[PDB]
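Colleague: One structure is given below, represented as structure tokens, and several questions about it will come after.
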Protein chains: 2
Amino acid sequence: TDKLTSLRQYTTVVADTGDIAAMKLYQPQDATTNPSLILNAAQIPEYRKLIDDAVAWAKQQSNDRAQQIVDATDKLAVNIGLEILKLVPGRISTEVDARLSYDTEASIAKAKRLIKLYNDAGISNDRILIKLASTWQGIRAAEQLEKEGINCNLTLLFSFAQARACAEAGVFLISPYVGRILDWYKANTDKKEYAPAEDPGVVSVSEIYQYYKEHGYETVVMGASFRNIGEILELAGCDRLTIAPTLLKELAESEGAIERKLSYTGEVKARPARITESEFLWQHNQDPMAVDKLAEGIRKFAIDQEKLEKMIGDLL
Amino acid sequence: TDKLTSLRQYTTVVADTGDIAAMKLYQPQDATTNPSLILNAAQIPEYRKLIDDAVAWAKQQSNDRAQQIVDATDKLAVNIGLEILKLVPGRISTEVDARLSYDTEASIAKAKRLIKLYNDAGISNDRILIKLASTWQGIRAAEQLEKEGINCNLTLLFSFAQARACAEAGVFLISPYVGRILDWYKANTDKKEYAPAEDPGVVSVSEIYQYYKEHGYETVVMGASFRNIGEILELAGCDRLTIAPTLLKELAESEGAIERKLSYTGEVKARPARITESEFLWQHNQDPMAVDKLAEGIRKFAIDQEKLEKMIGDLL
Ligand SMILES: *[C@@H]1[C@@H](O)[C@H]([C@H](O)COP(=O)(O)O)O[C@H]1O
Ligand SMILES: *[C@@H]1[C@@H](O)[C@H]([C@H](O)COP(=O)(O)O)O[C@H]1O
């Protein structure tokens with residue numbers, strides 16, 4: 001058989017898309033969305049119903065334009081999640097407004113709001129991951145949310161400091177990036193070609209996986225952001241991998257068996273003291289890639305939130 | 001006469017160097033040092049005495065190598081400052097260990113330590129600025145230090161969020177950058193030639209000046225980091241400008257009178273509520289230049305601190 005089937009021996013495959021067609025085709029365990037994917041899925045003609053339903057629902061919650069905008073955008077994201085959950089047996093990841101990324105209290109509130117919308121639609125918390133940026137503030141939000149029974153997907157994870165802080169916070173899942181790290185290295189160094197094992201994103205996630213397993217952390221490691229199938233294959237054995245339909249298709253069309261790459265077979269090591277905020281900030285900012293890309297990914301998801309709001313505002 | 005004399009009609013000229021020769025030649029009101037300048041000034045043959053004196057003093061404070069390293073490096077910076085104060089009637093800026101930049105409590109302690117060294121040498125606080133990075137943690141450190149009669153120079157100021165937070169903290173002085181902003185724009189955009197008025201660093205400091213004066217803030221605005229004399233001339237009227245000997249020389253050798261560029265002639269405007277940490281983080285991270293350059297400048301100054309420590313460690 002094919003490399004997607006072979007990968008699935010080792011790794012739980014997750015579909016990184018808001019498109020239900022992919023869920024039907026690849027029958028993934030979980031799915032991930034993000035504000036950009038929500039904005040793109042809103043353009044799928046067959047999703048016009050979901051948009052109109054979100055708007056109609058919002059208009060019934062209040063007579064305030066600003067609030068209708070927020071209600072409609074949140075309901076759209078949730079409506080898309082609900083369609084996906086009809087077709088995937090595991091989790092949907094739904095991302096909070098990235099404008100809240102440096103605000104712990106606002107992020108906790110938004111997570112609870114999205115959870116409420118799902119719960120009111122009949123979906124329990126065991127089917128949802130609230131996805132948010134792994135800034136210090138986001139990690140602290142997640143720590144509290146997990147204590148209150150809300151499982152999170154900590155994302156935009158670039159530096160080891162972020163990885164460590166997320167594990168120490170006991171978050172349900174992390175989605176550390178591969179592809180965006182490659183992007184940075186291609187843009188900021190003269191090496192524009194990497195063998196899969198030397199891809200800096202592959203190295204990053206591999207190192208994270210090892211750290212997590214060597215210290216007995218239970219946080220799920222889900223690689224995210226991919227540019228090529230080689231990156232994915234180098235991470236075979238990662239707990240989960242979230243992969244866009246384009247690369248799911250490439251894997252399914254690639255013949256051959258693959259070997260497991262990521263394993264931990266040793267003893268559990270004693271954990272350090274928790275990283276402090278000051279230590280986290282020092283260490284994250286040692287990493288010029290992580291500095292740039294965390295801030296950038298937040299800015300970009302925030303822009304897409306604003307674009308979604310503009311789309312919705314025009315329909316009220 | 002010359003452009004340096006002409007500039008001095010409008011702006012207090014400060015010498016950006018650890019080299020006493022410059023203080024004698026240009027007779028500046030104040031001087032600024034930084035960890036890189038301290039490392040460089042340590043290489044001036046005539047400063048060997050200052051180094052040997054710092055090491056000998058350190059060895060008398062303790063028999064602990066780690067502590068001697070810190071004591072000697074701090075004493076060297078102060079010894080250089082003391083030499084400069086013999087030749088300048090105003091302030092010396094002496095910068096704290098940049099490794100402390102994301103640690104408010106450690107930064108407060110270091111500032112007080114340096115102040116103690118100066119005070120023990122007979123120098124009062126009205127002659128000293130403790131220089132530190134304008135991270136949130138540094139601004140909070142400075143806010144407290146000012147309440148305790150220690151005047152600070154908040155530096156590595158790139159974003160407007162930083163400028164606003166520094167003003168709101170009531171810091172004695174800021175040293176926002178011009179030249180490093182130009183550096184970033186040349187490296188990250190296709191425009192590698194700027195007319196002085198369009199130089200993004202000039203624009204940054206000009207905007208900061210306007211904001212400070214329009215809201216009645218008393219914090220001194222001292223432009224820092226220069227790549228050419230045109231940048232400096234565009235800021236004629238800035239409260240202070242700290243300028244390296246190379247450009248002081250260029251200004252002194254340029255004939256011609258210059259006009260004042262930076263002025264505020266209006267009414268005092270009401271201040272907003274204080275920017276919160278979350279707002280500050282959001283706004284700072286909107287600025288990819290500021291994101292990169294704040295973290296980078298900290299990393300670089302920290303490296304120079306380590307290099308200084310290596311030099312000292314070798315002499316114990
Ligand atoms: C959410 C998930 O949807 C995304 C995605 O995997 C990133 O992919 P690129 O945009 O291709 O880098 O990342 C998580 O934050
Ligand atoms: C301290 C001061 O010494 C420096 C200096 O002005 C920066 O100049 P470049 O190194 O040429 O950009 O800046 C303050 O932090």
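We name chains A, B, ... following the order of the structure tokens; residues begin at 1 in each chain, and ligands are numbered from 1 as shown.
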Could you list, as a ChimeraX atom specification, every residue of chain B that has an atom within 6 Å of an atom of chain A, counting only C-alpha atoms?

Modeller: /B:102-103,278,285,295

Colleague: I'd like the contact shell of residue 124 of chain B - 9 Å cut-off, only C-alpha atoms, skipping same-chain residues fewer than 5 positions apart - returned as a ChimeraX atom specification.

Modeller: /B:115,118-119

Colleague: Neighbours of ligand 2 at 10 Å or closer, counting only C-alpha atoms and all ligand atoms: which residues, as a PyMOL selection string?

Modeller: chain B and resi 15-18+31-38+93-95+131-134+153-157+174-183+222-227+241-244+297-298+300-301

Colleague: Would you kindly return, as a PyMOL selection string, each protein, DNA or RNA residue with an atom no farther than 10 Å from any atom of residue 246 of chain A, considering only C-alpha atoms and excluding same-chain residues fewer than 4 positions away?

Modeller: chain A and resi 16+22+227-229+250-251

Colleague: What is the distance between atom CA of residue 163 of chain A and atom CA of residue 211 of chain A, in Å to one decimal?

Modeller: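 It comes out at 8.8 Å.
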
Colleague: Apply DSSP to the backbone of this structure and, from segment 9-166 of chain B, keep only the residues in alpha helix (DSSP H); write these as a PyMOL selection string.

Modeller: chain B and resi 20-26+35-41+48-61+65-85+104-120+136-147+160-166

Colleague: Just list as a ChimeraX atom specification whatever in segment 120-290 of chain A DSSP marks as strand (DSSP E).

Modeller: /A:128-133,152-157,173-176,220-223,240-243

Colleague: Atom CA of residue 275 of chain A and atom 2 (C, counted along the ligand's line) of ligand 1, how far apart in Å?

Modeller: 26.1 Å

Colleague: If I take atom CA of residue 120 of chain B and atom CA of residue 55 of chain B, how far is one from the other in Å, to one decimal?

Modeller: 17.0 Å
